[PDB]
Enquirer: 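What follows is a single structure, and I will ask about it in a moment.
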Amino acid sequence: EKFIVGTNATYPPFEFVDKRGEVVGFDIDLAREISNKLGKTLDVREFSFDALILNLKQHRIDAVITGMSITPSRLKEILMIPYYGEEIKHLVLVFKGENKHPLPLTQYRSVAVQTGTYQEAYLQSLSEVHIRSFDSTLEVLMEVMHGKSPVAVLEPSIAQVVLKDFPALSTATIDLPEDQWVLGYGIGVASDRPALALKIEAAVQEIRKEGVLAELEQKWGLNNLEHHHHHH
């Protein structure tokens, strides 16, 4: 039988349309691997993003794979099996010297952040926060080093790697409200089909341990993802 997957082919490198008119990408290769583990024939179907969950709940599709962020709001409605991405429940505020009251972020003349990241979107959602956006983490941090902005915001896993090169910078934790958490990217499954979700979790674990998940990540350039959590 068939494993029917619903997608919105507008989000490289997860899914997009090739010059054949076919949908390709990391999620399509992952969907095929999953269908093989389940012993099913993959059937990829395109929908508008806003129509995906309704179709899943109506059992017209078996799974949604579309670079969809795992959010507490969505977990209320559907099941989600994680397959890529760090959980983001807090951000790192970066500055030189002392910062007695790191919050509110509205206090700063400007806040440096990287374009296209989830932290940028979070900052944009906040009333009266003045953002200076940059293409790279290098530019974000040099902005603070030169005293052009008082603070920057990084995602925690990036802060952990890059800040070793910046002994002058100190940090404070920004806790995100629960309704703003993203817990990586996930495969959507109907709430009334938990057994299918279990089989998909089993499949993803096997794809991961066989090294195929890491191969697909490298192949599709996920390490260099430009537009983070576009569907949050």
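Positions are given from 1 along the sequence. Hydrogens, waters and symmetry mates play no part in the numbers below; they use all other heavy atoms, side chains included.
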Enquirer: Return the CD to CD1 distance between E33 and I207, rounded to the nearest 0.5 Å.
Expert: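 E33 CD to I207 CD1: 5.5 Å, rounded to 0.5 Å.
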Enquirer: Does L79 share a hydrophobic cluster with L75, counting links as ILVMFWY side-chain heavy atoms below 4.5 Å and allowing steps through other members?
Expert: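 No: no chain of side-chain contacts under 4.5 Å links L79 to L75.
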Enquirer: Walk me through it: do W220 and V24 pass the test side-chain contact (heavy atoms from CB on, under 4.5 Å)?
Expert: CA-CA 10 Å; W220 290 99; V24 300; 4.1 Å; yes
Enquirer: Do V153 and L169 sit in the same hydrophobic cluster, where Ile, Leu, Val, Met, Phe, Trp and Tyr count as joined when their side-chain heavy atoms come under 4.5 Å apart?
Expert: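 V153 does not cluster with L169.
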Enquirer: Could you verify whether a donor N or O on one side chain and an acceptor N or O on the other, from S136 and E139, lie under 3.5 Å apart?
Expert: yes
Enquirer: Is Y108 reaching over with its side chain to a backbone N or O of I131, donor-acceptor style, under 3.5 angstrom?
Expert: no
Enquirer: With rounding to the nearest 0.5 angstrom, report the CD1 to CG distance, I28 to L216.
Expert: 11.5 Å
Enquirer: Looking only at heavy atoms, which two atoms of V111 and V129 are closest? And how far apart?
Expert: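 Minimum heavy-atom contact is CG2-CG1, 4.0 Å.
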Enquirer: Does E226, at its CD atom, have more than 12 non-hydrogen atoms belonging to other residues, nucleotides or ligands within less than 6.0 Å?
Expert: no
Enquirer: Just by distance, no angles: are the side chains of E128 and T106 close enough, under 3.5 Å, to form a donor-acceptor pair?
Expert: no
Enquirer: Any heavy-atom pair between the side chains of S170 and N99 that's under 4.5 Å?
Expert: no
Enquirer: Which one of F49, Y185, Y118, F14 satisfies the ring-ring contact (aromatic ring centres under 6.0 Å, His included) criterion with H231?
Expert: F49
Enquirer: For a 4.5 angstrom cut-off between non-hydrogen side-chain atoms, does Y84 reach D27?
Expert: no
Enquirer: Taking all non-hydrogen atoms of both residues into account, name the closest pair between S35 and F3 and its distance.
Expert: CB-CD2, 3.9 Å
Enquirer: Determine whether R60 and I4 satisfy the following criterion, side-chain contact (heavy atoms from CB on, under 4.5 Å), listing intermediate values before the conclusion.
Expert: CA-CA 8 Å; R60 290 155 178 186; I4 311 164; over 6 Å; no
Enquirer: Can you name the closest pair of heavy atoms from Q114 and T137 and give their distance?
Expert: OE1-OG1, 3.5 Å
Enquirer: Is it the case that one hydrophobic cluster holds both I34 and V23, taking links as side-chain heavy atoms less than 4.5 Å apart, direct or via other members?
Expert: yes
Enquirer: Hydrophobic cluster membership, with links at side-chain heavy-atom distances under 4.5 Å among I/L/V/M/F/W/Y: are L198 and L196 in one?
Expert: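 No, separate clusters.
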Enquirer: How far does CD of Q218 sit from CG of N224, to the nearest 0.5 angstrom?
Expert: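 Spacing of CD (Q218) from CG (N224) equals 8.5 Å.
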Enquirer: Is a side-chain donor or acceptor of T171 paired with a backbone partner of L93 at a separation under 3.5 angstrom?
Expert: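 Pair absent, no side-chain N/O of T171 close to backbone of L93.
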Enquirer: Under 4.0 Å between a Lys/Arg side-chain N and an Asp/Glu carboxylate O for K40 and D62?
Expert: no
Enquirer: Do the side chains of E15 and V5 get nearer than 4.5 Å, heavy atoms only?
Expert: no
Enquirer: Could you tell me if the side chain of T7 sits less than 4.5 Å from the side chain of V64, heavy atoms only?
Expert: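 No - every pair of side-chain heavy atoms lies 4.5 Å or more apart.
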Enquirer: Compare all side-chain heavy atoms of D165 with those of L141 and state whether any distance is below 4.5 angstrom.
Expert: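 A side-chain contact is absent here, since even the closest heavy-atom pair is not under 4.5 Å.
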Enquirer: Please name all residues satisfying salt bridge (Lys or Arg N to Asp or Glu O under 4.0 Å) with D135, sequence neighbours left out, ordered by chain then number.
Expert: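 Partners of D135 by the salt bridge (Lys or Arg N to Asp or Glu O under 4.0 Å) criterion come out as none, since no residue qualifies.
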Enquirer: Just checking, is any N or O donor in the side chain of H229 or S69 under 3.5 Å from an acceptor N or O on the other one?
Expert: yes
Enquirer: Could you pull out the closest heavy-atom pair between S157 and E86, with the gap in Å?
Expert: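 So the minimum-distance heavy-atom pair works out to OG-CG, 3.6 Å.
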Enquirer: Which heavy atom of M142 sits nearest to which heavy atom of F166, and what is that distance?
Expert: SD-CE2, 4.0 Å
Enquirer: Yes or no on side-chain contact (heavy atoms from CB on, under 4.5 Å) for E215 and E210, after CA distance, side-chain angles and deciding distance?
Expert: CA-CA 10 Å; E215 282 193 280; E210 289 175 353; over 6 Å; no
Enquirer: Does the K96 side chain pair with the main chain of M145, one donor and one acceptor, at a distance under 3.5 Å?
Expert: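 Yes, because the side chain of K96 sits within donor-acceptor range (under 3.5 Å) of the backbone of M145.
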Enquirer: Report whether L56 and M80 are members of the same hydrophobic cluster (ILVMFWY, side-chain heavy atoms less than 4.5 Å apart, transitive linking).
Expert: yes
Enquirer: Can you tell if the side chain of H228 reaches within under 4.5 Å of the side chain of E120, non-hydrogen atoms only?
Expert: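 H228 does not reach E120 side chain to side chain.
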Enquirer: Please indicate whether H59 has more than 12 foreign heavy atoms, meaning atoms of other residues, nucleotides or ligands, lying under 6.0 Å from its NE2.
Expert: yes
Enquirer: Tell me, do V113 and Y122 make a side-chain contact under 4.5 Å, heavy atoms counted?
Expert: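 Side-chain contact under 4.5 Å: no.
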Enquirer: Could you go through the side-chain contact (heavy atoms from CB on, under 4.5 Å) check for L154 and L163 one step at a time?
Expert: CA-CA 10 Å; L154 307 174; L163 291 176; 4.3 Å; yes
Enquirer: So which heavy atom on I187 is nearest to which on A63, and how close?
Expert: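 For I187 and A63, the tightest heavy-atom pair comes out as CG2-CB, 4.0 Å.
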Enquirer: Would you find a donor on one side and an acceptor on the other, under 3.5 Å apart, between the side chain of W181 and the backbone of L176?
Expert: yes
Enquirer: Within this structure, what is the OG-NE2 distance for the pair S149 and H130, rounded to the nearest 0.5 Å?
Expert: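 If we round to the nearest 0.5 Å, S149:OG and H130:NE2 are 8.5 Å apart.
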Enquirer: Side chains of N36 and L42: does their closest heavy-atom pair fall under 4.5 Å?
Expert: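 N36 does not reach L42 side chain to side chain.
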Enquirer: Looking at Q107, I want to see if its CD is surrounded by more than 12 non-hydrogen atoms of other residues, nucleotides or ligands under 6.0 Å.
Expert: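 Result for CD/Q107: enclosed.
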Enquirer: With rounding to the nearest 0.5 angstrom, report the NE2 to CZ distance, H232 to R74.
Expert: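 These two atoms lie 9.0 Å from each other.
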Enquirer: Rounded at 0.5 Å granularity, tell me how far OG1 in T117 sits from CD1 in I88.
Expert: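 Going from the OG1 atom of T117 to the CD1 atom of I88 covers 8.5 Å.
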